[PDB]
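Okay, here we've got a single chain as structure tokens, the form deposited in one PDB entry, with questions on binding and movement later.
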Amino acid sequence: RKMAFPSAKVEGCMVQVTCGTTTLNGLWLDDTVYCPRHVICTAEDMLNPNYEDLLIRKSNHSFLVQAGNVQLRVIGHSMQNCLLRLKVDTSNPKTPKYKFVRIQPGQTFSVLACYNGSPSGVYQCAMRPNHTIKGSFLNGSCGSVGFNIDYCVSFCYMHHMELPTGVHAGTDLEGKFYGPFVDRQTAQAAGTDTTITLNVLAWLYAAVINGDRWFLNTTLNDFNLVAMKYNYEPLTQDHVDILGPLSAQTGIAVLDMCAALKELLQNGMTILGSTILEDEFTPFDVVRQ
């Protein structure tokens, strides 16, 4: 439901890496291909892997690099933190002026989503304060990359894991995970599912300006008590501030949206087609109106 885009510049950099029975997206710059190192793991390896050892039990032929119907013969491999590095026998002719950089939560950036290796548009987003990312466009697209363009492509992220809570964890282009997340499978989603109130509210406003109103018709402090009980994020004045422009058009005040939300929370449910309160959309995604 978000808004995709082009950027053929980055789509030319995408390739896929296969090892054993796994295939994920990889980034192809010059004659190097980058992708999550877990690609080399079998389902069982993931329960507790020693990557240094598993890598030893591999060779350049264990990996197949595909650029569509084209193959990139691997001539070398190594490991950089949580990234698997591969050397191919030819460099990407469409490599842009690039640099790898590490960012912080809140900073917006572009992500090129893929469906079975096939690019499906780039989306705007940012990592939550806990360094995870909320966005359906990352489901079933391990390895996609995040970036920012300025004149030079600044790569700042690579998708690695989809948490069971519907949130994703990734690394920077140096293979260092953003946050406490690891690349083995255990329970690490703790505190990763508190519902983002600001987004739910904006999502409600997007609903108003679309015919949805049956859910319409409290104070901050009072409201947050309900926020606490239902594991929603505490609404701040700054959050109300942001929803100002949205409150403007719609004509419904923020606290009156909270009163609306508070009801939906205490007395559950279709809104915008969805039968659930969506929280993956920022006020900004909605300002597309």
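For every residue, the number given is its place in the sequence shown, counted from 1.
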* Taking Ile276 and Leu277 as adjacent modelled residues, how many residues of the deposited sequence between them have no coordinates (none, 1 to 3, 4 to 9, 10 or more)? -> none
* Asked: Of the two stretches 248-256 and 37-45, which shows the higher Cα B-factor on average in the entry?
  -> 248-256
* Between 103-111 and 186-194 (mean CA B-factor, as deposited), the higher -> 103-111
* Peak C-alpha temperature factor (PDB record), options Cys156, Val208, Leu138, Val200 -> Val208
* Residue with highest C-alpha B-factor in the PDB entry, from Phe223, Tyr232, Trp28, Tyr51 -> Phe223
* Asked: Where does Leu163 sit by CA temperature factor within its chain: lowest, middle or highest third?
  -> lowest
* **Third of the chain's Cα B-factor distribution that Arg128 belongs to, per the entry** => lowest
* Structure fact -> Binned into thirds over the chain's modelled residues, the C-alpha B-factor of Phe147 lands in the middle
* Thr171 - which third its CA temperature factor falls in, relative to the rest of the chain -> lowest
* To do: Rank-wise, by C-alpha B-factor, drop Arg57 into the lowest, middle or highest third of its chain.
  => middle
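Beyond the structure shown, there is the form deposited with a partner chain bound, which is absent from this document and is the topic of what follows.
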* Asked: Among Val74, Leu163, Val208, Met79, which has any heavy atom within 4.5 Å of its partner chain in the deposited bound form?
  -> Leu163
* its partner chain contact at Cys142 in the deposited bound form, heavy atom, 4.5 Å -> yes
* Asked: Within a 4.5 Å heavy atom cut-off, is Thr186 in contact with its partner chain in the deposited bound form?
  -> yes
* Does at least one non-hydrogen atom of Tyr51 fall within 4.5 angstroms of its partner chain in the deposited bound form? -> yes
* Would you check, heavy atoms only and a 4.5 Å threshold, whether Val15 touches its partner chain in the deposited bound form? => no
